[PDB]
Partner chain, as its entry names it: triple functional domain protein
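One chain follows as structure tokens, the form deposited without the partner chain.
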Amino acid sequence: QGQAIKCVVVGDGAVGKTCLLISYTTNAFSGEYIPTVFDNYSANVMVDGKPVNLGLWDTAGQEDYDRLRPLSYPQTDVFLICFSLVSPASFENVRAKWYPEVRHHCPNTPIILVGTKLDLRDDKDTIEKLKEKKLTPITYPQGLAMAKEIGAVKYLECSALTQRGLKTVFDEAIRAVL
């Protein structure tokens, strides 16, 4: 058996919460966007000698669930607050929406700030798409700054598609607890 660890995942509609978990636990990725209502995944992981039943709770980013979402929060060992490195709108909500909601229900429980979609921050298609609307993809130093600002215990960037940065997200989610 292994040590139970409840990891809860929050952030804007479409940032890649779900994809990030599917990609970690099954190495699978979909182009398709099927919005989460609520889901639950598991992963027996081996980190630094010790073994762990990582529980992972995938929450709906959509505001409709603002009322129902914090039912997930009691007894959480660590949170992942997720933002797309490619939607600065999803970025500001980290201190606007996601850090207040979490600390409101769980004021002590560690946070790991997660910049998702790392594979698109260098994409011409996507840099150009934003250029139009006065926009900048979120850089590492800016992400790091946001993390410091919310007392995130780590800042970590990833892509569920390439899987660049992927395993370190969960390795560190487990590390915020042990």
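Positions refer to the first chain, counted from 1.
We do not show the form solved in complex with the partner chain, though everything after this point is about it.
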Within 4.5 Å of the partner chain in the bound PDB entry - does that hold for a heavy atom of every one of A89, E92 and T139?
no
Please determine whether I127 contacts the partner chain in the bound PDB entry, using a 4.5 Å cut-off between heavy atoms.
no
Is there a non-hydrogen atom of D58 within 4.5 angstroms of a non-hydrogen atom of the partner chain in the bound PDB entry?
yes
Taking any heavy atom pair closer than or equal to 4.5 Å as contact, tell me whether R67 reaches the partner chain in the bound PDB entry.
yes
Is there a heavy atom of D39 no more than 4.5 Å from a heavy atom of the partner chain in the bound PDB entry?
yes
Can you tell me which residues in 74-88 come within 4.5 angstroms of the partner chain in the bound PDB entry, by heavy atoms?
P74, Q75
